[PDB]
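Each chain gets a letter, A, B and so on, in the order the sequences are listed, and its residues count up from 1.
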Amino acid sequence: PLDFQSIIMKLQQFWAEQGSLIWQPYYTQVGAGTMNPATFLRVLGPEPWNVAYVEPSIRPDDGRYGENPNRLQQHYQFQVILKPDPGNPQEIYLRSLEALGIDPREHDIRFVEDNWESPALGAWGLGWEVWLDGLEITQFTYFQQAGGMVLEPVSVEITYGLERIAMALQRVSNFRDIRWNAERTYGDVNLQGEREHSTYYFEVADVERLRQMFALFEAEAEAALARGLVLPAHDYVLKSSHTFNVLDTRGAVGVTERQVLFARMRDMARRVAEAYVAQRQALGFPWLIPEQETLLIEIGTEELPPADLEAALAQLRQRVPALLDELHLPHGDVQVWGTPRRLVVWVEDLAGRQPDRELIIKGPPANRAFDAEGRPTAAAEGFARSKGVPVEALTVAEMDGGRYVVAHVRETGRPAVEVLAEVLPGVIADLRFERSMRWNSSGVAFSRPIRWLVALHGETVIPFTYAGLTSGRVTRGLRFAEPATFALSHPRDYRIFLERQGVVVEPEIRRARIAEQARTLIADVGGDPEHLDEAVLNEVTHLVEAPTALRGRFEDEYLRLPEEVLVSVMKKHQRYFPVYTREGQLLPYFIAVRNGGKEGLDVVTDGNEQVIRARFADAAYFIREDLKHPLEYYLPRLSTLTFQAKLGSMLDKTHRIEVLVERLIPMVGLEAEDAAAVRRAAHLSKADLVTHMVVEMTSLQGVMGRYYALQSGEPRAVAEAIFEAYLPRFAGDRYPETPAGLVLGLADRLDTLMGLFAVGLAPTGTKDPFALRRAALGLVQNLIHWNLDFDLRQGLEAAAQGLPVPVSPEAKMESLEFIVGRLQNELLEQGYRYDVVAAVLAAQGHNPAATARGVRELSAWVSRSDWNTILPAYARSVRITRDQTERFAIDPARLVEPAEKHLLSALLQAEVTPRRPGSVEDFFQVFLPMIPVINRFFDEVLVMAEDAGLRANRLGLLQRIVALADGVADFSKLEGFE
Amino acid sequence: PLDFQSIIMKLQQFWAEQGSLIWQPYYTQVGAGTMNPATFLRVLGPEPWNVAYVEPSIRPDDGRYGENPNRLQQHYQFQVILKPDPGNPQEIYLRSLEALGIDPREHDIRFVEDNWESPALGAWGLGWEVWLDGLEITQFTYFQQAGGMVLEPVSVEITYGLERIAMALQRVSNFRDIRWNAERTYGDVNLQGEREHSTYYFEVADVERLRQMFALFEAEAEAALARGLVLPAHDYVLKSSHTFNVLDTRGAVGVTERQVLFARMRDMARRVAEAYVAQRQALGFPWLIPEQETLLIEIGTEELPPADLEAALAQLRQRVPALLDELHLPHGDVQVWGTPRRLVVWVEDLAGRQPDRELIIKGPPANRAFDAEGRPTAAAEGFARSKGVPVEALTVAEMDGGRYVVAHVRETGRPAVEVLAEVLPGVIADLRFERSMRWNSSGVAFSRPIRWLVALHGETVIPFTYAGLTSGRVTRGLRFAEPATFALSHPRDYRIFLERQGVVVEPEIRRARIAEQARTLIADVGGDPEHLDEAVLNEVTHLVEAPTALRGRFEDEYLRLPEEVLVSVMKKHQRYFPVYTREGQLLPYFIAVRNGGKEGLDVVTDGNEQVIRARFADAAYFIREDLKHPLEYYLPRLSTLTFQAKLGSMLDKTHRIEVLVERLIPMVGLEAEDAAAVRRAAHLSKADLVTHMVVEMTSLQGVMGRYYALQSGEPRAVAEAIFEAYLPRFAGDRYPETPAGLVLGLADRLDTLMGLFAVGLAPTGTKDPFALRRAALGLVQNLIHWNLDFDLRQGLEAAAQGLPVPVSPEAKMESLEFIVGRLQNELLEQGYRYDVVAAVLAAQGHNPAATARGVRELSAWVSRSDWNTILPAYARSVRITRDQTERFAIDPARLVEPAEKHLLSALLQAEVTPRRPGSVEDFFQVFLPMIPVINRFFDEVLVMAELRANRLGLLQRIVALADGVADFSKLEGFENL
């Protein structure tokens with residue numbers, strides 16, 4: 001097992017044997033190897049560049065005083081850049097691991113999607129993290145943009161994590177135990193540095209002096225850029241970035257300060273990059289038969305993400321059958337398969353030749369093609385000259401509505417090989433992914449680089465080129481299997497070759513085999529095999545080609561941690577199946593899936609056990625630090641955390657939520673005991689957001705707040721309300737069940753909705769960073785679940801009164817309509833008729849719980865037999881009262897006709913009747929007795945004329961009848977109303 | 001031929017195989033790998049530490065925009081630290097060079113004295129610069145102090161110069177052409193950085209922002225130290241040090257500010273170092289017999305500097321003969337030889353045994369040790385008890401003018417081997433060098449480490465221990481020869497073994513053999529073999545053990561350069577012999593001396609040829625850049641240079657030299673042609689100091705000004721004056737010939753002396769920073785040999801009115817007395833009597849020309865056969881006239897004595913006689929005829945009569961004839977009269 005310095009020297013030697021230039025760490029504190037000029041500048045422009053160098057990366061935020069086995073303010077990376085794309089960077093990288101004594105034939109090396117985005121450098125790329133038996137040991141990225149510029153040629157960045165590789169090779173669980181050389185350990189030479197640098201970065205560094213430093217460094221960078229001095233500018237930009245990072249660690253960077261300073265650093269870095277490219281350009285870039293037969297299409301790729309693989313499979317299924325039809329090729333069943341490295345199209349029976357076809361080409365209409373005598377006009381001659389036929393060969397046919405002159409072409413039936421070769425490049429190019437990357441000079445963008453192409457129709461290769469590749473009959477197996485490439489004489493050999501290596505190319509078969517192996521291992525240890533998460537199974541199906549599940553153990557002591565922590569680590573980080581008993585107590589086991597066989601599985605199982613041990617230990621040390629102080633202690637740290645630019649910090653949001661909760665208590669009607677909990681929980685609602693555990697696992701917000709509040713001695717009703725504030729977290733989640741949790745999340749969502757709309761940042765398209773759609777949806781779902789009557793106007797008005805920005809009446813009205821808007825989708829998703837929902841929303845939209853009741857009741861009142869006999873009395877009353885511009889007062893002394901006085905009696909009984917606000921039931925229970933009295937009134941009484949007093953009384957009666965529906969429904973919204 | 005990265009990886013591989021820990025360059029701009037905490041912090045305390053790492057060292061002052069072929073603001077060093085001393089670090093280093101393509105058996109790897117110091121970190125040590133066939137490639141240092149702490153154990157620092165190693169291996173002359181890998185060159189990747197960083201360090205960096213940065217960094221270092229944070233404080237000390245270097249590169253730091261800032265950085269570095277050591281201590285330091293026979297004593301050392309070697313040989317030549325006598329050991333001739341690695345003591349026919357001896361120990365006086373009855377007293381009993389004798393065995397000896405009680409001890413004659421073993425450690429320790437260094441746990445300081453000891457009395461080894469070593473019979477030859485060690489059965493084998501390797505241990509023989517070999521090589525190309533510089537021959541002799549002179553050639557093109565430029569490069573920098581014709585023209589050849597044999601001499605020759613080709617091309621490139629602009633353009637750039645704080649810059653000195661020259665023209669007397677020449681010369685006098693050649697070669701001052709003036713189109717009379725101003729540069733140098741050069745030399749020297757005296761910087765004892773001793777002497781020398789009469793008081797006064805600071809009249813008296821003092825020494829340099837030179841100096845001291853003429857004339861008169869018969873008439877009159885401090889009128893009314901009347905008649909003819917001013921001969925020709933008349937007046941008449949004013953007045957005027965000639969009371973025999 002190599003020393004730390006031996007690992008570095010083996011990597012340098014290996015990459016020098018590849019022809020790379022060996023570089024040196026940079027003389028300024030940088031946060032990553034990428035910030036070294038050897039990367040950040042050399043990837044710009046068209047000139048080639050192969051470099052490798054060590055870089056001690058400095059991240060002041062990551063300092064843990066040398067106590068955390070993995071967390072260091074300084075860690076040594078090994079940075080490799082390949083430019084242009086060599087064609088096989090993954091295989092070269094695997095040969096470098098081999099040179100370090102890591103055999104891919106004995107360990108499970110995986111490429112798992114992890115994209116790179118550095119806004120500080122205006123850069124992004126697509127790639128993976130590399131797993132060594134589950135251990136992240138390398139970042140592998142194809143750079144697409146840097147300094148705001150589109151990169152060409154694309155560069156490959158390979159960043160080795162040296163501490164993690166050395167800990168794996170040396171079987172040490174701790175950075176201090178790494179052997180540097182025969183005499184000294186990593187901790188012997190760096191432990192005091194980690195301790196002292198962490199103490200300075202967190203406790204000692206003077207904030208005013210750091211701000212002065214930043215101003216000086218920026219001013220000198222601007223002065224250097226003014227002279228076109230690229231590297232002195234780059235140096236001072238780096239020094240500004242480090243000074244800003246140390247300022248952030250001291251917790252002095254404000255909300256607006258962070259956005260201003262980051263914009264200045266981004267603009268400087270962009271100008272440095274542009275100045276470097278202009279400098280290189282001024283130098284002139286100095287470094288420059290046939291039958292019925294089977295079809296097999298394989299698009300060989302580097303490891304595709306599951307979402308991209310699944311999207312590609314669906315588009316191939318929707319297109320390949322249709323495309324064969326448009327070729328008029330008789331075919332059998334079309335099967336589409338896929339692994340992370342493969343897109344496979346399989347057509348069992350396919351015609352070797354097209355049938356001959358007669359093609360009819362529509363031309364000008366006959367009215368313009370022929371004269372009065374029937375002879376062709378110049379319009380028919382031109383259309384004839386456009387094709388290759390004389391005008392005498394044109395005929396007339398009836399196609400689309402009318403008669404058009406047509407031309408006849410006898411297209412010859414071509415072989416399937418000849419016609420498929422013309423379309424297959426266009427098939428691949430039409431595949432669409434959420435994010436795409438290019439990698440070579442062809443300019444083709446794809447999810448991940450395409451490395452080989454197979455196109456077989458029996459024994460004949462379909463010849464075409466795409467992405468710089470040439471189609472053929474050679475496929476690749478597993479990287480660590482022999483042979484690496486296999487020439488296919490016929491598609492029947494393909495399924496044979498993969499199945500010898502254990503590769504299951506059929507996705508649905510692969511998913512079944514994984515669940516089969518996993519349930520066996522869970523059953524053999526006494527666990528419930530039905531408790532198998534479907535999300536993990538779907539992702540892990542697309543992380544392997546030759547699955548082989550394994551079971552590992554972790555120490556029993558780690559079960560003392562919260563289950564949500566252990567479950568989140570195994571499922572979200574490692575993609576492991578946790579093991580549950582019949583009771584549903586967590587078991588000290590995990591199920592992992594190897595991309596390999598059953599031989600040597602013990603080596604891979606040991607590596608995965610060491611990985612999960614480290615991850616649980618990391619969570620333990622995070623929890624250890626968070627337990628040092630009560631949850632209330634972390635409130636001042638929230639001032640360092642940004643909620644929104646104009647709205648302030650999370651501590652400001654906490655203060656707003658406290659005030660809004662106090663207003664909501666009388667509006668909801670909480671008892672004294674629940675009033676105490678909601679007040680206390682709002683004080684601690686966001687306190688966990690600055691704990692180490694939540695910072696690492698942001699999904700555990702609320703969960704850790706519950707835990708830390710319990711251990712701090714807070715009442716359980718306070719702790720549970722902290723967790724319940726986020727409920728529901730997703731569709732199908734739990735609902736809040738304590739009143740304090742309901743009111744807390746009620747205030748959290750109202751402040752968020754009212755705050756964002758007050759500044760005009762409503763969601764647009766797919767851009768919803770604040771999840772305002774979920775906040776409005778959970779707002780109405782929780783109220784309907786509790787059936788709590790609530791006026792959203794009063795809720796929004798109370799939130800607006802506490803905002804730090806101006807709130808307009810239009811913004812308050814806009815927030816309401818947005819929430820009401822999301823309310824109808826919830827009701828529409830439950831199946832209620834759209835016109836029924838609209839009639840109730842127009843009158844009761846402000847109250848989502850009352851709207852839910854009204855829609856349910858009104859839905860039953862329609863579709864019933866006697867419904868057509870109920871509304872018309874109301875509708876006829878509405879019809880006559882539409883055009884009126886005033887409400888008419890009623891003087892009963894002027895009533896003459898018997899039906900007038902009887903309608904007044906019926907209406908006065910209806911008005912005096914106490915009814916519940918918005919009750920549809922109480923509306924019909926009061927209107928139904930009036931219907932016979934209203935009908936007799938219309939037949940026996942003339943309404944509109946003629947005396948003014950009689951018309952006012954008769955219209956007033958009809959107006960007050962319409963008013964009986966006020967606050968219940970707008971029945972004119974129903975379809976049958978007209 | 002290795003690539004740049006291959007050189008780095010091969011060094012990392014080699015030192016990793018020695019056991020070293022491989023480190024990484026530090027994440028902040030440092031001037032040297034020493035400033036990396038892997039060196040500065042780790043050399044502190046007792047814990048061991050073996051490290052090797054690359055370090056891009058940033059020295060902003062060394063940037064040349066990438067235009068220079070070898071000057072870079074960023075050099076890639078390879079830093080190696082061995083702690084503690086391994087016992088053979090030089091040999092390990094040589095094996096590391098062998099791991100590259102460099103075989104010490106084929107190349108000349110030489111260690112030449114160069115002691116290293118980091119003034120910002122308060123670190124220093126003694127050591128060498130390593131030269132590979134003439135090219136400096138490594139700094140090799142034994143650290144003694146770091147951060148004000150005495151280092152124990154001492155650490156070895158080896159700092160490879162990677163660019164120069166690569167240039168030698170790849171046979172390229174420009175850093176641009178160094179291959180980094182198969183695709184890129186060093187220039188491809190670093191040229192734009194060299195240009196941009198040079199531009200920022202020299203032109204762009206804002207002084208106020210840097211000074212703010214410096215203050216901020218220092219304040220954060222203080223805050224970090226107050227919390228015990230060692231590494232953050234060290235980081236801010238490095239940052240402040242880099243900022244200070246950038247400041248100095250922008251010209252914003254003066255002499256006083258430079259010293260203040262360096263001291264404050266040292267104090268921070270001291271407190272960082274002490275904090276580090278206290279931190280490690282709190283951790284418990286976790287990382288812890290014939291009739292006669294020949295005598296041969298060899299002290300094997302690492303390469304001793306020439307001055308330390310000469311001092312050791314002289315101290316051994318004076319002490320060993322006396323030491324052997326004090327041992328009462330009969331011996332023959334004592335010879336002391338030495339090479340840079342050897343101190344050798346050779347004594348023929350040394351007695352094998354001491355003679356038996358009786359020792360007499362002086363004690364109390366006889367009277368105080370015996371009573372009246374002759375019985376011994378308590379003093380005698382105590383003196384006897386203090387020795388090993390009873391009081392009855394005491395006797396009385398008559399010695400030192402009295403009677404004393406003595407004790408008798410009979411000392412046995414012991415063998416020479418046994419008694420020499422007791423004194424040889426003390427002999428080595430008593431050796432004194434200007435600077436000494438420790439290297440191991442014994443604590444012994446020496447010039448360089450001692451590595452082996454030989455001590456043979458015939459076949460028998462003298463057993464003693466000195467610097468953690470043990471004397472034996474084993475010596476070492478040349479490092480690259482077989483065998484490396486050799487056991488001596490008898491001292492007669494020692495000389496045969498060394499001569500077999502070509503080692504010439506005798507310094508006189510070694511010097512002679514080099515001259516023999518050089519003469520042969522010069523004669524083969526038609527040169528003058530008797531033209532060999534003595535200073536090079538003395539230096540070269542003490543840099544080799546086995547001399548083998550070689551002849552290299554350089555291209556004829558470089559002969560177009562000035563001869564003084566080519567010669568100074570060869571002699572001062574490279575220690576080569578220039579090759580001249582007998583007519584005096586320079587030839588395209590040089591003679592170097594290899595420390596080795598004739599096998600593989602072609603490789604060593606080619607290496608030196610490439611080195612000299614590069615040093616000449618640098619000079620040609622330096623001259624090209626200087627010639628692009630007239631010499632007048634460099635005049636305002638002289639404000640960058642500094643003469644002396646409180647006096648002004650070079651531009652300030654040139655101005656007050658221009659004013660002084662115009663003052664000097666009337667006093668000397670120059671025609672219209674020469675007056676205009678000196679006025680233009682004084683304007684351009686110091687303009688060369690800021691050119692490329694003078695900055696690289698400080699000794700080329702004046703030489704290059706003349707060459708640049710001629711190229712600018714200036715007249716030859718102006719150009720020669722710019723060069724002749726410095727003459728004489730040294731003892732034996734030639735004098736100025738053009739009067740413009742002379743007068744310009746006067747203005748330069750008068751202003752330098754009187755100005756440095758006005759600021760109180762008068763030399764005291766020894767060590768004068770300014771050449772006031774030479775400036776005063778060359779002034780006094782140039783006035784003679786010209787026979788130009790000149791008043792120094794008037795000249796010093798004329799320079800005083802040009803000085804900015806106030807001129808104390810004592811400074812004029814002090815400055816004048818100093819100039820007259822150097823005049824006396826020069827006159828005593830010639831075989832001139834002290835009294836005669838003082839007699840004429842008392843009257844004519846202000847005029848060196850007059851004094852020179854007076855000393856010559858008075859010396860001739862003093863050495864005459866009748867000189868004792870000329871003075872005493874004058875001396876007698878002076879004796880009487882010595883008293884009565886007042887003039888006396890010679891009123892003719894009192895004339896009563898006939899003889900007294902003749903004296904006035906004879907005297908009156910003396911004043912009327914034409915006498916050349918300050919002429920001794922004219923005084924004598926006027927005084928000699930008055931000797932009989934002054935004698936008769938002495939006999940007949942009587943002075944001091946009861947009339948006396950006439951007697952005293954006549955005598956006082958007789959003594960007044962010497963006024964302006966001399967004193968005559970300084971003469972040795974003047975008392976006799």
Side-chain angles (χ1 to χ4, degrees), chain B residues 69 133-135 173 514-540 549-552 554-559 561-562 564 566-571 574-594 604-622 624-627 688 691 693-694 697-711 719-720 723-724 726-730 732-735:
Chain B
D133 312 329
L135 183 64
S173 56
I514 302 174
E516 293 166 12
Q517 298 170 357
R519 285 193 287 268
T520 300
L521 292 168
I522 292 169
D524 200 63
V525 295
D528 183 6
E530 305 305 321
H531 202 166
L532 287 182
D533 181 88
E534 303 281 307
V536 174
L537 187 56
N538 300 330
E539 181 78 2
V540 160
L550 60 88
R551 185 182 73 244
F554 57 82
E555 301 177 348
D556 300 327
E557 171 209 329
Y558 303 100
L559 287 158
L561 311 185
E564 309 87 334
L566 300 148
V567 166
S568 58
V569 165
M570 289 190 266
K571 284 171 51 179
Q574 290 302 138
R575 299 300 181 176
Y576 297 158
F577 288 111
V579 182
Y580 297 89
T581 66
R582 296 185 178 86
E583 298 82 309
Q585 270 311 102
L586 205 55
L587 277 165
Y589 302 95
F590 64 98
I591 311 296
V593 174
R594 180 192 185 179
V604 179
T605 305
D606 175 74
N608 285 282
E609 282 177 343
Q610 299 307 310
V611 167
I612 194 66
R613 186 267 186 194
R615 298 295 78 75
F616 283 172
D618 285 31
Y621 163 79
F622 283 144
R624 264 197 301 269
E625 299 302 302
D626 289 328
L627 292 180
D688 58 357
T691 58
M693 289 300 295
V694 180
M697 292 294 171
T698 176
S699 67
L700 284 189
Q701 61 179 6
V703 176
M704 298 308 298
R706 171 182 64 190
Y707 182 77
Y708 292 150
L710 294 175
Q711 293 291 305
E720 279 287 337
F723 167 72
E724 292 194 347
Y726 299 93
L727 301 175
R729 293 160 301 191
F730 48 86
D733 198 8
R734 70 183 181 95
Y735 305 94

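One distance of note links CD of B/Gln585 with CG of B/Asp528; it measures 13.0 Å at 0.5 Å rounding. How far OG1 of B/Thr605 is from CG of B/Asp133: 9.0 Å, rounded to the nearest 0.5 Å. With rounding to the nearest 0.5 angstrom, the OG atom of B/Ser568 is 13.0 Å from the CZ atom of B/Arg615. The structure places CZ of B/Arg551 at 14.0 Å from CG of B/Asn608, a figure rounded to the nearest 0.5 Å. Remark: B/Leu566 CG to B/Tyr576 OH distance equals 14.0 Å, nearest 0.5 Å.
Closest approach of B/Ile612 and B/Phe590 over heavy atoms only: CG2-CE2, 3.5 Å. Residues B/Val569 and B/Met697 come closest through the heavy atom pair CG2-CE, 3.9 Å. Between B/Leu550 and B/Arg594, the closest heavy-atom pair is CD2-CB, 4.3 Å. Closest of all the heavy-atom pairs between B/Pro578 and B/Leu586 is CB-CD1, 4.1 Å. Annotation for B/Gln574 and B/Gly134: closest pair NE2-O, 3.0 Å, computed over non-hydrogen atoms. Across all their heavy atoms, B/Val579 and B/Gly527 have their closest contact at CG1-CA, 4.4 Å.
A donor-acceptor pair under 3.5 Å is absent between the side-chain atoms of B/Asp524 and the main chain of B/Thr520, judged by distance alone. When atom types are taken as modelled, the side chain of B/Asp626 and the backbone of B/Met693 share a donor-acceptor pair closer than 3.5 angstrom. Checked by atom type and distance alone, the side chain of B/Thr698 never pairs as donor or acceptor with a backbone atom of B/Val694 at under 3.5 Å.
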Does the side chain to side chain contact (heavy atoms under 4.5 Å, CB included) test come out yes or no for B/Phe622 and B/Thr691, once each step is laid out?
CA-CA 8 Å; B/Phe622 283 144; B/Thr691 58; over 6 Å; no
List the steps, then state whether side chain to side chain donor-acceptor pair (under 3.5 Å) holds for B/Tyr726 with B/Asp733.
CA-CA 10 Å; B/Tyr726 299 93; B/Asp733 198 8; over 6 Å; no
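Between the side chains of B/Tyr708 and B/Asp688, no donor N or O sits under 3.5 Å from an acceptor N or O.
A salt bridge is absent between B/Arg613 and B/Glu555; no separation between the charged side-chain nitrogens and carboxylate oxygens falls under 4.0 Å. Comment: B/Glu539 does not engage B/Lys571 in a salt bridge, judged by the lack of any side-chain N to carboxylate O separation of less than 4.0 angstrom.
Annotation: side chain of B/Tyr735 is not in contact with side chain of B/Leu727 (no heavy-atom distance under 4.5 Å). Two residues are said to be in side-chain contact when any heavy atoms from C-beta on lie closer than 4.5 Å; B/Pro529 and B/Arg582 meet this criterion. Under the 4.5 Å side-chain criterion, counting only non-hydrogen atoms from C-beta, B/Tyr621 is not in contact with B/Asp618.
Partners of B/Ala549 according to the side-chain contact (heavy atoms from CB on, under 4.5 Å) rule, which considers only residues two or more places apart in sequence or in another chain, are B/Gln517, B/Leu521, B/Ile591, B/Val593.
Of the listed residues (B/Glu564, B/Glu724, B/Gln711), just one forms a side-chain hydrogen bond (donor to acceptor under 3.5 Å, both in side chains) with B/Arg706, and that residue is B/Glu564.
Taking the six-membered ring where the residue is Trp, B/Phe616 and B/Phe554 present perpendicular rings, their angle passing 60° and hence far from 30°.
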